[PDB]
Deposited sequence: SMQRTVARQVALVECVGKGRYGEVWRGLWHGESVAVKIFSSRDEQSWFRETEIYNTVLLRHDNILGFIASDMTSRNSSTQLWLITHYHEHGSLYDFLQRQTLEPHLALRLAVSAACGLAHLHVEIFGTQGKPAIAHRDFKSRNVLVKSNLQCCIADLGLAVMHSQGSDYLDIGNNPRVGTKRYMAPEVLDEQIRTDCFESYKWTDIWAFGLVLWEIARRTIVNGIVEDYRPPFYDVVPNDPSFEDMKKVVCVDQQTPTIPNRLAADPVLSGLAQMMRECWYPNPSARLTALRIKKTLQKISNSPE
């Protein structure tokens, strides 16, 4: 029972606030936990995330660990492992990355996404899962400087066995800054599971860029900026993104000094292969994972 794990947790510090609700650092029997208190406008994300975490055997180093879910005037809680560095967004804000570290975050993030995407058969297996809101804010950085993916509120699942896409009822859509061209065009086939995987991949490419920008080479490193920082305002409208990504056919600038290296020459090419306009031309998460370790 998750009931009393919510009852004993003491809330100590609010480490995040937004339209999704709030995230707090909490103490439970000496150890630190994260407690996400959802906003009224995002109740359906709590439901979907509660269903998936209770229903799917998902535990993995590179996926945020689940502890409990509670309905504790009305308020919905999700209690999980706590990670001090916060999100990849937060980490990339303050820290610069040695090439080795850039690859470590990149590979571990790719492990998380591959694990989500790939169906594992058998009693201890899991259906194929697509995230649908992959972004640097929804990836945490652990103590060992490896990533793990969070926020399954919009996830969609599918088995090879039964072809009907398990979709929730959430009105929420993907974060606009990260939406693929086919989502902004509304040309995506919403009854095909592979489509949703291909939008995760697009978004993944954008996260690589964010890591790349913050990586040290020849003692050059840029300050943190989000993807498309040079073409859209802070909370880009769908229409702002539609114009940039579909009409103007823009993709983030690949550092014009991205190819003057061995280990970070490939990252540039891999970035390109997440951003192909035709979704089926894109690399799969498994192929990205493999390439990443293939080059260590």
{"query": "Non-modelled portions of the deposited polymer sequence, in sequence order", "finding": "1, 74 to 77, 302 to 305"}
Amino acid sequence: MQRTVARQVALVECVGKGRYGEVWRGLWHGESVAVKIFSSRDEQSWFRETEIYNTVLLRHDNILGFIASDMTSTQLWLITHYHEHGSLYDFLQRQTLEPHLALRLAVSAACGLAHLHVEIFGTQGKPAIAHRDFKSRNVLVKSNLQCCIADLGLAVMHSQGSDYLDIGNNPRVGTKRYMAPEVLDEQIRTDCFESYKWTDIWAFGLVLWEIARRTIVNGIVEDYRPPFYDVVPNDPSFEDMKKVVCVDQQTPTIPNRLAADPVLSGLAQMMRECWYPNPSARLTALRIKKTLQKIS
From here on, numbers count along this sequence of modelled residues.
{"item": "Per the entry, higher mean C-alpha B factor between 109 to 117 and 166 to 174", "value": "166 to 174"}
{"item": "Per the entry, higher mean C-alpha B factor between 202 to 210 and 127 to 135", "value": "202 to 210"}
{"item": "Given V33, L64, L57, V244, the residue at which the Cα B factor reaches its maximum", "value": "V244"}
{"item": "CA B-factor placement of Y229, once the chain's modelled residues are sorted into thirds", "value": "middle"}
{"item": "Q95 - Cα temperature factor, lowest/middle/highest third of chain", "value": "middle"}
{"item": "CA B-factor ranking of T291, expressed as a third of its chain", "value": "highest"}
{"item": "B-factor third for the C-alpha atom of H85 within its chain", "value": "middle"}
{"item": "Chain-wide C-alpha B factor ranking for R189, given as lowest, middle or highest third", "value": "highest"}
